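> just the first chains of my complex for now:
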Amino acid sequence: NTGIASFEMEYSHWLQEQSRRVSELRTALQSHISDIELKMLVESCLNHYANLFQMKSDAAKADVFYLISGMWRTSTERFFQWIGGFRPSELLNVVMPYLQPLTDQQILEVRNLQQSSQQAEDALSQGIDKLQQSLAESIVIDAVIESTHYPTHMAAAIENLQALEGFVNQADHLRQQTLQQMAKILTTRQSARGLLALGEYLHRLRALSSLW
């Protein structure tokens, strides 16, 4: 599959650029980086995640079931995975202590963002659950007849799986919206601390299957 081959190599380069951004963040939060310089770094990290979503959107058009299944990810990432990636509300919870100290108004805005994300996440999962039910109904009809002498639902099951493409894209849109709203709630230094903890966590997660 040419598209997935293209994706795996783009993702390999994405991870290397991501590692550079995380190192820049780690050094910036120890250096005398100016505020405007740190604003541009924060924007570059957000832009780098937007490029991930664009790559994934193109991979979804070549093989959305491969993308959803996360076999391009590690075993540990797959343990946590939700619709091609992570749930944004859970990543927010993971980094939340490393943003502190936040004002009470910011903490409440972060919590309202996490709740709104949790509801959007559940709506998408309930949508996927509806697609799975329709696939299951197609499949059991073919399974109880069990004969190629009688027409099957194979075309309809493929279209069911192809509809996952819209769920991947909307999950990535949610991830993007949560990143961007977090960048509006947080000061620049708080955003940098958040992206630092986020990036280090995602990196460390990957190299955890070796540990087990």
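Looks like it arrived, so ask away. Residues are numbered from 1 along each chain as shown, chains lettered A, B, ... in the order given.
> mind listing the residues bridging to the most centrally placed residue in chain A?
Among the residues of chain A, the one closest to the centroid is residue A:85, at 3.5 Å (Cα atoms, centre = their mean). Following DSSP bridges, residue A:85 is listed with bridge partners residue A:82.
> and it, how far from residue A:161?
Noted for residue A:85: a distance of 18 Å to residue A:161, by Cβ to Cβ, to the nearest Å. No exception for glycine: its C-beta is placed from N, CA and C like everyone else's.
> with residue A:180 instead?
30 Å.
> returning to what we had before: tell me the contacts of the residue nearest to the centre of chain A?
By Cβ atoms under 8 Å, 6 or more residues apart in numbering, the contact set of residue A:85 is A:56, A:171, A:172, A:175.
> what about the helices in chain A?
For chain A, the helices defined by DSSP state H occupy A:2-28, A:35-69, A:75-79, A:88-95, A:104-145, A:154-162, A:164-185, A:188-206.
> can I get these in a markdown table with mean neighbour count and distance to residue A:212?
Output for those, formatted as a markdown table (neighbours: other Cβ atoms under 10 Å; distance: least, Cβ to Cβ, whole Å):
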| stretch | mean neighbour count | distance to residue A:212 |
| --- | --- | --- |
| helix A:2-28 | 15 | 21 |
| helix A:35-69 | 17 | 20 |
| helix A:75-79 | 14 | 8 |
| helix A:88-95 | 18 | 20 |
| helix A:104-145 | 14 | 27 |
| helix A:154-162 | 14 | 31 |
| helix A:164-185 | 18 | 27 |
| helix A:188-206 | 19 | 12 |
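> residues in contact with residue A:74?
So residue A:74 contacts A:205, A:206, A:207, A:208, A:209 (Cβ under 8 Å, 6+ apart).
> so who does the third one touch?
Going back to what we said before, that points to residue A:207. Counting by Cβ under 8 Å, 6+ apart, residue A:207 has contacts residue A:74.
> then the last one?
Each residue near residue A:209 by Cβ under 8 Å, 6+ apart is listed here: A:74, A:75, A:76.
> quick one, phi psi at the residue in chain A sticking out farthest from the centre?
The outermost residue of chain A, judged against the average C-alpha position, is residue A:149 (42.9 Å), by Cα atoms, centre = their mean. As for residue A:149, its main-chain torsions (degrees, to the nearest 10) stand at phi -70, psi -10.
> how far away is it from residue A:142?
On the measure of Cβ to Cβ, residue A:149 and residue A:142 end up 12 Å apart.
> can I get the CA coordinates of stretch A:97-108 in PDB?
Extracted in PDB, the C-alpha atoms of stretch A:97-108 (Å, rounded to 0.1, in the frame of the first residue of the first chain):
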ATOM      1  CA  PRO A  97       0.000  19.000  37.700                       C
ATOM      2  CA  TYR A  98       3.000  20.200  35.600                       C
ATOM      3  CA  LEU A  99       1.200  23.400  34.600                       C
ATOM      4  CA  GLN A 100       0.800  24.500  38.100                       C
ATOM      5  CA  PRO A 101       0.400  26.900  39.600                       C
ATOM      6  CA  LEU A 102      -2.600  28.100  37.700                       C
ATOM      7  CA  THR A 103      -5.200  30.600  38.900                       C
ATOM      8  CA  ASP A 104      -8.700  29.400  40.000                       C
ATOM      9  CA  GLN A 105     -10.300  30.800  36.800                       C
ATOM     10  CA  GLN A 106      -7.800  29.000  34.600                       C
ATOM     11  CA  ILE A 107      -8.200  25.700  36.500                       C
ATOM     12  CA  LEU A 108     -12.000  26.000  36.000                       C
END
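> next one is chain B, place it on the structure:
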Amino acid sequence: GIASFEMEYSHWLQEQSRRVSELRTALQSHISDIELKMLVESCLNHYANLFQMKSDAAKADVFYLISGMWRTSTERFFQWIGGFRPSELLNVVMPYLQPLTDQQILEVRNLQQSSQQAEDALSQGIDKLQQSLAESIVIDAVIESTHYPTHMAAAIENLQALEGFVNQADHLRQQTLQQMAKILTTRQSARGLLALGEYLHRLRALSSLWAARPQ
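Take a look at chain B, now in place beside the chains above:
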């Protein structure tokens, strides 16, 4: 140990297909009620063999087991705790049990709801363990130095608790199977097991079908 589990499962599938085929033949024959009851009990005991095989694999490598890499990509798409949600398999096979009495339908629906409740309680347990793992991982990730000790004993050992969840999920599947056998007549149980087995088999072929789609 995982190597052994995969060979047991390989053979377990060969004999599953034989029991499914035997059921399909019986539901076109004039099998006696006692012979059908023996075969229904052969299928229920064959599922018990699966849960015991998985329980032994969970002691060797629970993370492998619960990941479902020993299954197909389609099964993993539908996966809840190393297998299927029994509440959803019940829904898939229900039209094929019909016709049932209104009381049976009610007892089936109550069993599904009680299963859904137990499934969500287990998933909430897993979610708490994942949150505990993540919080341990981010501490090591933010320090990111071999100069400082890590939480990989905490990580490895509370991932060990996944064994308890795998075992109770299988206990819930076996409980659901045996409670359905009590609600249904032998012949209805035969039809349910036939549709269940046929569904599980065909569901595995979904990944091959996707692979061959027009591109």
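> repeat for the contacts of residue A:85, accounting for chain B.
With contacts defined as Cβ atoms under 8 Å, 6 or more residues apart in numbering or on different chains, the neighbours of residue A:85 are A:56, A:171, A:172, A:175.
> repeat that for residue A:191.
Residue A:191 neighbours (Cβ under 8 Å, 6+ apart): A:42, A:182, A:183.
> and residue A:87, by the same measure?
With contacts defined as Cβ under 8 Å, 6+ apart, the neighbours of residue A:87 are A:117, A:121.
> change it to 7 Å
With contact set as Cβ atoms under 7 Å, 6 or more residues apart in numbering or on different chains, residue A:87 has these partners: residue A:121.
> over to it: give its phi and psi.
phi -70, psi 130.
> distance check, it against residue A:118.
Taking Cβ to Cβ, one finds residue A:87 at 8 Å from residue A:118.
> try residue A:186
From residue A:186 to residue A:118 the distance is 19 Å (Cβ to Cβ).
> chain B contacts on chain A?
Proximity of chain A to chain B (Cβ under 7 Å from any Cβ of the partner chain) is limited to residues A:65, A:69, A:75, A:78-80, A:94, A:98, A:132, A:136, A:139-140, A:142-144, A:146, A:154, A:157-158, A:161, A:197, A:200-201, A:203-205, A:208, A:211-212.
> number of nearby residues for residue A:146?
When neighbours are defined as other Cβ atoms under 10 Å in any protein chain shown, residue A:146 has 14 of them.
> tell me the contacts of it?
residue B:198 are the contacts of residue A:146 under Cβ under 7 Å, 6+ apart.
> likewise residue A:62?
The neighbours of residue A:62, taking Cβ under 7 Å, 6+ apart as the test, are A:1, A:3, A:4, A:7.
> verify the stated contact: the last one with residue A:59.
Yes. With contact defined as Cβ atoms under 7 Å, residue A:7 and residue A:59 form a contacting pair (3.9 Å).
> excluding sequence neighbours, find me the nearest residue to residue A:33.
Among residues not flanking residue A:33 along the chain, residue A:41 sits closest, at 7.5 Å (Cβ to Cβ, 6 or more residues apart in numbering or on different chains).
> scratch that, residue A:72 is what I was asking about
Leaving aside its sequence neighbours, residue A:72 is closest to residue A:8 (6.1 Å, by Cβ to Cβ, 6+ apart).
> next one: the one you found from chain B, what distance?
Computed as Cβ to the nearest Cβ, to the nearest Å, the residue A:8 to chain B distance reads 17 Å.
> got it, and residue A:84?
12 Å.
> just residue A:72 next, same as before
From residue A:72 to chain B the distance is 12 Å (Cβ to the nearest Cβ).
> surely that residue and residue A:12 touch.
No. If you go by Cβ under 7 Å, residue A:72 and residue A:12 don't touch, sitting 9.9 Å apart.
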